[PDB]
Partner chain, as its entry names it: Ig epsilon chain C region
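For reference, the chain that follows is the form solved without its partner chain, supplied as structure tokens.
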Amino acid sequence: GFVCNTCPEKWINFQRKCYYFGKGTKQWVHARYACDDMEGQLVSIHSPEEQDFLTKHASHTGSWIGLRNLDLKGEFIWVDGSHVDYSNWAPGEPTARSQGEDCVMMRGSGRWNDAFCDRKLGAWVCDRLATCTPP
């Protein structure tokens, strides 16, 4: 057996992961470190079910997530190194011609927009793996 749904206080479980819905005005790199210093990382998203869960708890005024154009060539990848095997980009996003808009945020609808990394948003989402109880 082995059930993996234990999360630290203040975190919320969904499937095998734990999620922290942070509040407080931050630009992307600041949110990146807030997550890191809590033993998590800016969230990566891998299914409709996981997106649906995030949308349910998402801040209405937008949140930083863990997707960024790290290689500076137009390919948006997860900072946690996980596979890009799902997307919820808003229609037309990411824009082909938007130099500098390398960071990614999630709107209240849950759909993703690129953004200048120094934009200030009032929310940001972290994740980490849940720990497990022995059967």
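Positions refer to the first chain, counted from 1.
Per the entry, where is the mean C-alpha temperature factor higher: 46-54 or 90-98?
-> Here the higher of the two C-alpha B-factor means belongs to 90-98.
query = Can you tell me which third, lowest, middle or highest, the CA B-factor of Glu9 falls into for its chain?
reply = Tercile = highest for this residue's CA B-factor.
query = When the modelled residues of the chain are sorted by Cα temperature factor, does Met38 land in the lowest, middle or highest third?
reply = Its C-alpha B-factor belongs to the highest third of this chain's values.
* **Assigned third (lowest, middle, highest) for the C-alpha B factor of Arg32** => Lowest third, going by the recorded CA B-factors of the chain.
Among all modelled residues of this chain, ranked by Cα B factor, put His83 in the bottom, middle or top third, i.e. lowest, middle or highest. Highest third - that is where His83 ends up once the chain's C-alpha B-factors are sorted.
Check: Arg68's Cα B-factor: lowest, middle or highest third of the chain?
Finding: Bottom third by C-alpha B-factor.
The next section is about a form of this same protein that is not shown, the form solved in complex with its partner chain.
I'd like to check something about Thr55: if you look in the entry with it bound, is any of its heavy atoms closer than or equal to 4.5 Å to a heavy atom of its partner chain? Contact with its partner chain, no.
Problem set entry | Contact test in the entry with it bound: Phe21 vs its partner chain, heavy atoms, 4.5 Å | No, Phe21 is distant from the partner.
Can you work out whether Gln99 and its partner chain are in contact in the entry with it bound, taking contact to mean some heavy atom pair no more than 4.5 Å apart? Result yes; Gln99 sits at the interface with its partner chain in the entry with it bound.
Taking heavy atoms only, is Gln27 within 4.5 angstroms of its partner chain in the entry with it bound? Flag for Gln27 set to yes.
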